[PDB]
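Only one structure is covered here, and it is reproduced in the block below.
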Amino acid sequence: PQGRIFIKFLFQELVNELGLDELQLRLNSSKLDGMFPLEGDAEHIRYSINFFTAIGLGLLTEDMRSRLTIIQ
Amino acid sequence: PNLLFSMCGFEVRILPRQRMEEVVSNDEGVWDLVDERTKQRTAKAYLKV
């Protein structure tokens, strides 16, 4: 949970310079897998999407939101 | 591209990040101007005495 806060500050700083625009491009091109699961394991995707929506941004989670409906 | 002014003893050169043609991480004598809503940084304000 302390580490969770760490991530929170990490992206909340990393946004302000890029502006959530360049963010999506970099991430989508950065092939982050374990952090952004598309492969399966629904509950984990619920934790990811719910987490970024807890940060207050959540606009990185759309591609995963699709995979929620695909799992259900 | 610049917008200059000075208040108190501070002299401020405002460059909008647009027309800087390059965005370089800079030292702590340089402000970042943050928009209200978009939470972005659109302009650097260079400070001198």
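Would you mind giving the mean number of other chain beta-carbons within 10 Å of the Cβ of each residue in A:14-21, as a whole number? Present the calculation step by step, with values, prior to reporting the outcome.
Working: counts 0, 2, 7, 6, 2, 7, 3, 2.
Shielding by partners across A:14-21 averages 4.
First measure r as the distance between the Cβ atoms of residue B:35 and residue A:33, then evaluate 1/(1 + (r/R0)^6) with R0 = 35 Å and state the FRET efficiency to the nearest 0.05.
Details: r = 33 Å, r/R0 = 0.94.
Result of the calculation: an efficiency of 0.60.
Suppose we take every Cα in chain B and form the convex hull; what volume per residue is that in Å³?
Expressed per residue, the convex hull around the Cα atoms of chain B is 85 Å³.
Can you list the HN-Hα couplings for the range A:4-18, worked out from phi with the Karplus curve (6.51, -1.76, 1.60; θ = phi - 60°), rounded to whole Hz and with x for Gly and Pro?
My calculation for the range A:4-18 gives 3, 4, 3, 4, 3, 5, 5, 6, 5, 7, 5, 6, 4, 7, 7 Hz in order.
For residue B:23, project a label point 7 Å along Cα to C-beta. Then give me every residue of the range A:25-48 with its amide nitrogen under 12 Å of that point.
A:25-26
Quick one: check the C-alpha center-to-center distance for the range A:28-44 versus the range B:1-31, whole angstrom.
The range A:28-44 and the range B:1-31 have Cα centres spaced 39 Å from each other.
For the protein assembly as shown, what does the convex hull of the Cα positions come to per residue, in cubic angstrom?
Roughly 144 Å³ of hull volume per residue.
Pull up all non-local amide H partners of residue B:11: gap of 5 or more, or a different chain, and H-to-H distance under 5 Å with H placed in the peptide plane.
Hits under the 5 Å cutoff: B:48, B:49.
Using helices alone, I'd like the mean residue ellipticity at 222 nm for chain A: each DSSP H run of four-plus residues gives -39500 (n - 2.57), total over residue count, nearest 500.
Rounded to the nearest 500, the figure is -22000 deg cm²/dmol.
Among the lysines, which have Cα under 21 Å from the Cα of residue A:31 when same-chain residues fewer than 8 positions away are ignored?
Qualifying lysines at Cα under 21 Å: A:8.
Where does chain A land on Rg(C-alpha)/(2.2 N^0.38 Å)?
Values: Rg = 12.2 Å, N = 72, 2.2 N^0.38 = 11.2 Å.
Against the empirical 2.2 N^0.38 Å value, I get 1.09 for chain A.
Suppose a student asked you for the relative contact order of chain B, using Cα pairs under 8 Å spaced at least 6 residues apart; what percent would you report? Before the final figure, lay out the partial values.
Details: 79 pairs, mean separation 19.6, N = 49.
It comes to 40 percent, rounded to a whole number.
Reconstructed Cβ throughout: ideal geometry from the backbone, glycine too, with neighbour counts over all protein chains shown. FYI, it's all coordinate maths here, none of it is from the lab.
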